[PDB]
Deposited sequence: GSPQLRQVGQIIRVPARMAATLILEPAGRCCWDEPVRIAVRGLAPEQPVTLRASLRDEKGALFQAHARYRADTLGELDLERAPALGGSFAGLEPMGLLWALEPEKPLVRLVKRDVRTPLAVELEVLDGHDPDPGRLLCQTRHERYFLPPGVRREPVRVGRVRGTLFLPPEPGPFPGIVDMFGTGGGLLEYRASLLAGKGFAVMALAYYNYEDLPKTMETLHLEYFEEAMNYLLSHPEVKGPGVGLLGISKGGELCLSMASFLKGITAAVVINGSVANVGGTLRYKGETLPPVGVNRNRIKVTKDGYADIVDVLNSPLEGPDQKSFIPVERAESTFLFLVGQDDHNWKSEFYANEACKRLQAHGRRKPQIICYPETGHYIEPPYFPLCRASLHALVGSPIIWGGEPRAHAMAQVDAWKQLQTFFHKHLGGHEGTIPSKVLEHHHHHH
């Protein structure tokens, strides 16, 4: 009698170094013909927090399970969804946002193949560790500490020069580098820019001075490996708001991608030389408690279209820049589509080019780079449905690349 068959084996393409924003093809060989199995993906973030997804499958008649050929039958998702084990990842503890800050180390996804379709998993038939990197091949990380400017520059491998982008996130303070590092992998010099509560910067954003942002952009533009003659701006939330403010008041901005930004100045006072924008007013009575114990704050901010709140409207008509607005239709942080439309109306009322707006159905506030799992709530809701939001993230990433390549 011949020995028993060797154990099942997982095969990935690509087998080696995969960036976070890149698709992978997962296959298992050496299962029994038509064997029912459960695949489980597990990830621990830099804070030790667990994220998991699982789906049921059935091997084919050869005992092969290939996720670009076999559909998920149920679990965290169903259908021919090769990347579902990643986009459907859910935190073990509700309310937990994924924490990834050091772009120099990968996030590991542990993949398990477990026997059977029982809700309580069978025996482990095979496993593999799939590392996903945030610093693309040959991308150079260069911290920025020039004048008062604080951020981190990412450059592609030599030779330059490269189109330059300033990258900005919203409120929370500190510096998120992961989008800039990934985007530098597409041929751009990208500066992740901090503006409060990081290193020696002012601890709060009670008042923000656009002069700081002018300095940052001038530094990027003056870099020996940045192409010019202007820069791109990429911002989400308050960061997109700042893209509009920068483009309205400052020179040297060629194009801006605004992701769920606001045309109202919110949360503090903006100053540039003799000019000021007061914060738009709030109405905490407009809060909705639904349909769990979560706040819905989408209606709290006053309209920048009536009363003294018109003062907080960013004068986008003064911008020379081209704009692309990427909005989640289900944004519950604030009225992103309304802001995009009102920016467009302001611009057209002054004979400026009409900006492209892309509105993604069932997508929420946090449109992150691809395969970042949806955070539904963290407490307030942010909006989005897992699959719709995931595919919006994948598409937005291609849209901004195309746009920046065209204009920069």
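**OP:** Go through the deposited sequence from residue 1 and tell me which stretches lack C-alpha coordinates, in order.
**Re:** No C-alpha for residues 1-12, 391-397, 428-446.
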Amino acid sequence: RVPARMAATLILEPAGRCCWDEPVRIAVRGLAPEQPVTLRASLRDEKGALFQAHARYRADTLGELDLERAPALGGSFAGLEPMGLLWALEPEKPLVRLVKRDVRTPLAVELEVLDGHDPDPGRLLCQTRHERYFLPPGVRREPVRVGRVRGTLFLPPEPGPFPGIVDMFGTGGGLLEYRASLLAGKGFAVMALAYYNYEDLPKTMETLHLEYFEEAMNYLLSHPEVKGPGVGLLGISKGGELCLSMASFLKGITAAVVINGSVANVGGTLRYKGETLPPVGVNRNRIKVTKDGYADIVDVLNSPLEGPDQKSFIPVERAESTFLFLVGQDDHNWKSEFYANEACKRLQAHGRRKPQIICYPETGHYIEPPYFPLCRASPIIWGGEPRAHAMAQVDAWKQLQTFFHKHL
From here on, numbers count along this sequence of modelled residues.
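Original post:
Of 379-387 and 361-369, which one has the bigger average CA B-factor?
Top reply: Comparing 361-369 with 379-387, the higher average CA B-factor belongs to 379-387.
Original post:
Would 88-96 or 166-174 have the larger average of its C-alpha temperature factors, as given in the entry?
Top reply: The deposited B-factors put 88-96 ahead on the C-alpha mean.
Subject >> Selection from 130, 284, 104, 186 [criterion: highest C-alpha temperature factor in the record] >> reply: 284 has the highest C-alpha B-factor of those listed.
Original post:
In the PDB entry, which of 280, 193, 190, 243 has its C-alpha at the highest B-factor?
Top reply: Highest CA B-factor of the listed options: 280.
Subject >> Lowest, middle or highest third - CA B-factor, residue 8 >> reply: For residue 8, the deposited C-alpha B-factor lands in the lowest third.
**OP:** Sorting the chain's modelled residues by C-alpha B-factor, tell me whether residue 67 ends up in the lowest, middle or highest third.
**Re:** Lowest third of the chain for residue 67's C-alpha B-factor.
**OP:** Quick one: classify residue 79 as lowest, middle or highest third of the chain based on its Cα B-factor.
**Re:** Residue 79: CA B-factor falls in the lowest third of its chain.
Subject >> residue 253 - Cα temperature factor, lowest/middle/highest third of chain >> reply: As the PDB entry reports it, the C-alpha B-factor of residue 253 lands in the middle third of its chain.
**OP:** Taking the values exactly as deposited, rank residue 15 by C-alpha B-factor within its chain and report the matching third: lowest, middle or highest.
**Re:** Answer is highest: the recorded C-alpha B-factor places it there.
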